[PDB]
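Structural overview
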Amino acid sequence: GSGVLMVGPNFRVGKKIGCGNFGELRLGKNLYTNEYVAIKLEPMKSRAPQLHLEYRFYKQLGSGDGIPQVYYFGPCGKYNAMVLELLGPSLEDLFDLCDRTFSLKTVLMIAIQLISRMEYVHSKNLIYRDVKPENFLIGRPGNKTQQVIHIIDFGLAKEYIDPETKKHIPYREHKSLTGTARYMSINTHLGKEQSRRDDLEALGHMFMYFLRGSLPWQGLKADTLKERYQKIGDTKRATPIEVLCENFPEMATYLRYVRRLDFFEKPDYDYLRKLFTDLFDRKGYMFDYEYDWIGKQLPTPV
Ligand SMILES: N#Cc1ccc2nc(Nc3ccc(Oc4ncccc4C(F)(F)F)cc3)[nH]c2c1
């Protein structure tokens, strides 16, 4: 009789926000605290549920730097809902706002943070497997973390360390392709099980995407997803790192380091961060969080 959707005891469900979704993400308000939140909804009728174990992955991640806080997971009408800390625009939104190219200083401030972000995820025995500009969000204007790059949507995540055996998951192939083709590692294209290295290689592709404005396999189309995947993969293998990373030696070093990582191998995150901080220092940049998108006006649902 109210006509109003509530999630849990205190979350009023608001307008849906963002692009895509199709009703899957909505603005929300914690009526008890008078704060806005993000509410991810999943029809209880879903064929491929992801919401609640994404919730479980967040539990396993725990409170962390750059990890959105999770407040609730419960039924909402014919929806299962997960209430999350509200963040700002994604790197993709910001990219468009900056005319689809970030300065090296901005990319390095982003890269240095994400390597740490991924190392954190990996330290919790999880591999991300869904790298893309759309899943990395800055904080909100004021909520103290607007300059922190956050990582969201852990629906495609996986525990790479068996919780009982305490062993790294076994190598294997023939994994079906689903993730986003543009950034995925070459091995992902080959149908191989993803591991730590693959998250790091995807980040590399994304860093070059930001620096160049686009990637050279970006416009490939085909008659079947599998074929497209295969064409993109062929081009990635056919584009020499030194050609892709032309003018960015450190990026080339980062990329072939991760490309050559063994399946079970622990990446040397310190080594990778240093490739970028040394470069950062040598260019004379100051890590002051003044990205290319500053002064600009971002979107807000509130
Ligand atoms: N899982 C998960 C998850 C958890 C928390 C989040 N916080 C946000 N932040 C957010 C910021 C602006 C926005 O709204 C917009 N974003 C981009 C262009 C235009 C608009 C709008 F048109 F609404 F202003 C929608 C959401 N996204 C989030 C996703």
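The record names X-ray crystallography as the way this model was obtained, at a resolution of 2.30 Å.

Where the PDB entry is consulted, the protein appears under the name Casein kinase I isoform gamma-3, with the organism given as Homo sapiens. One UniProt comment on the protein, placed under Subunit, says "Monomer." In the Subcellular location part of its UniProt record, the protein is described as follows: "Cytoplasm".

With respect to the overall build of the protein
The number of helices and strands found in the protein is 9 helices and 10 strands. For the protein, the spread of C-alpha atoms along the three principal axes comes to 65 × 45 × 40 Å. Taken across its 302 residues, the protein has 48% of its residues classed as buried. Restricting to contacts in the protein with at least 6 residues of sequence separation, those with at least 24 account for 64%. Carbon and sulfur atoms make up 49% of the accessible area of the protein, which totals about 15000 Å². Of the charged side chains in the protein, 44 are positive and 37 negative; the average position of the first set lies 5 Å away from that of the second.

Re the layout of surface pockets
Here the largest pocket defines a volume of roughly 1200 Å³. Around the largest pocket, the lining is made up of 43 residues, and of these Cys-19, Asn-21, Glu-24, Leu-25 and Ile-152 lie nearest the centre. Elements with a contribution of two residues or more to the lining of the largest pocket: β4 (35-43), α1 (51-61), β6 (79-85) and α2 (91-97). Among the residues forming the lining of the largest pocket, the class breakdown is 21 nonpolar, 10 polar and 12 charged. Counting the residues that make up the lining of the largest pocket, at least three belong to each of domain 1 (1-87) and domain 2 (88-302). Taken together, 22 residues line the second largest pocket, and the ones lying closest to its centre are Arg-129, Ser-176, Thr-178, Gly-179 and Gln-194. The leading source of residues in the lining of the second largest pocket is helix α5 (residues 196-212), at 3 residues. Grouping the amino acids of the lining of the second largest pocket by side-chain chemistry returns 6 nonpolar, 8 polar and 8 charged.

Focus on the sheet that holds strand β3 (residues 25-30)
Spatially, the 6 strands line up as an open sheet ordered β1-β2-β3-β4-β6-β5, and their pairing is antiparallel. Of all the strands in the sheet, the pair left with one neighbour each is β1 (6-7) and β5 (70-76). Pairing analysis gives 2 bridges linking β1 to strand β2 (residues 11-16), with the strands arranged antiparallel. Residue pairing in the sheet places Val-7 in a bridge with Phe-11 of β2. Sitting on the sheet, α1 touches β4, β5 and β6, and the angle it makes with β6 is about 30°.

Reading the values: the criteria
- Residues numbered from 1 in each chain as written, not as in the entry; some residues may be left out.
- Heavy atoms only, no water.
- UniProt positions renumbered as here; feature names shortened; annotations may be inferred.
- Helix = DSSP H or I, 4+ residues; strand = E, 2+ residues; numbered from the N terminus.
- Buried < 20%, exposed > 50% of the residue type's maximum accessible area, 1.4 Å probe, protein only.
- Contact = heavy atoms within 4.5 Å.
- Areas by Shrake-Rupley, 256 points an atom, 1.4 Å probe, with all protein chains shown as cover.
- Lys, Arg positive; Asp, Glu negative; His and termini not counted.
- Charge placed at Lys NZ, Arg CZ, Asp CG, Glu CD.
- 1 Å grid on protein atoms, 1.4 Å probe; cavity = no way out; pocket = protein on both sides within 12 Å on 5 of 7 lines; lining within 4 Å.
- Points joined across faces, edges and corners; volume = space filled by probe spheres on them.
- Nonpolar A, V, L, I, M, F, W, Y, C, P; charged D, E, K, R; others polar.
- Domains from an automatic or database assignment.
- Pairing = 2+ DSSP bridges.
- Axes fitted to C-alpha atoms, helices over the stretch in contact; angles between N-to-C directions.

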